[PDB]
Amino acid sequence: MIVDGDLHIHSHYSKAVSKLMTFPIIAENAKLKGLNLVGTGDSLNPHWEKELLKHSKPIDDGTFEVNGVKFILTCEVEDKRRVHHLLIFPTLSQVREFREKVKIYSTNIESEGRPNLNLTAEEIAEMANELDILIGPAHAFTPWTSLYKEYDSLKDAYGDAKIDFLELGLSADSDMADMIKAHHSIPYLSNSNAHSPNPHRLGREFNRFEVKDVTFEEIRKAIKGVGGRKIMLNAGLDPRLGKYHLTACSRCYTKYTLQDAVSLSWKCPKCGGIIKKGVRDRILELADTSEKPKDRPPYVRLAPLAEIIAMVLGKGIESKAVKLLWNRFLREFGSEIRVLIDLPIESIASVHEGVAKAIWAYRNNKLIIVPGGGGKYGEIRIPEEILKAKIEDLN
């Protein structure tokens, strides 16, 4: 069976997240969005484990189900050097063992959903490998709390330890990450880092797995690519839409080149703020080869359907009009990805004509995109002639 899974979300116990991020709401929104699998997130926090055991029913010792949505145990932790890492746990026994194993290196493990571990990246990865916990650098290029902002290579961070994936992040896709030769041996994950269950947040990126059943072991085989199981697709936000795609200032969000950045010594002149290096420039720094492996699954860049609806209707992303149109699209059809990539534009025009024209413009790459940087998301705008012209003469 073919399932869409999002293995990186944060519960309401984490910081800077929404209080609505609870198991029932998450399951409802993932079901309405067409998301078959969602990682639990914050699994090290015992209160979130209690909420999971309450609001879910066991599929096996490591997979749970709530409101028809399956859930595997995932978590994100912060390094002694402020480097975020993602962990997938086989069973709840492994969750509890790893939790008790790191209580002597953390002070907020029972307090926050995203804990701070006073442990080296190598140490955390070794503790995960010993317990068969899958570990990988989460949002591995962001300039604030990533691996490649602190270290220059995966070996420099993990040393003799082993990692089982690399979360690409919003501002990256599989090709630019494959610009680093080591990554050719590593499976990619494209997750959402969801802090809100809203349309454009939960499942903004996901992984399309081929599995026999939706259980942790099947997902693990698919990530490793064994026994027929495989990650057959990597869907994600277009790299330009990300918060840190280009180098820009952290205060005024003015885009600077890498040359101008090193010239200004990372000081925004007309702002007085810290300018942070974009993930594109970082990858170009760490560039290794112009080649990339063939077994790599494709990466379908997508813009959130709610964002396209808000840009066509000329209204805010949270408005009731865009929410109503989004719900009508998700009722008439299956999922956001289907409406964005697979569905023919004539079928989209039955629900809304302007949205269909914008989706055609996004498919044909005739949609203006101002890239994001420094912490500001990229923006999508449509030309006038795309909206004022009919659909027949469009292509």
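Position 1 is the first residue in the sequence shown; the rest follow in order.
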property	result
Segment of higher mean CA temperature factor, 266-274 or 302-310	266-274
Higher-scoring stretch by recorded Cα B factor average, 292-300 or 215-223	292-300
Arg96, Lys149, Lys255, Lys181, ranked by C-alpha B-factor: the highest one	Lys255
Among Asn364, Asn45, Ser335, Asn29 - the residue whose C-alpha B-factor is largest in the record	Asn364
Chain third (lowest, middle, highest) by recorded CA B-factor, residue given as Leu246	highest
Modelled-residue ranking by C-alpha temperature factor, third containing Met21	middle
Chain thirds of CA B-factor: placement of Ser171	middle
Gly62, C-alpha B-factor rank within chain (lowest, middle or highest third)	lowest
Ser106 - Cα temperature factor, lowest/middle/highest third of chain	middle
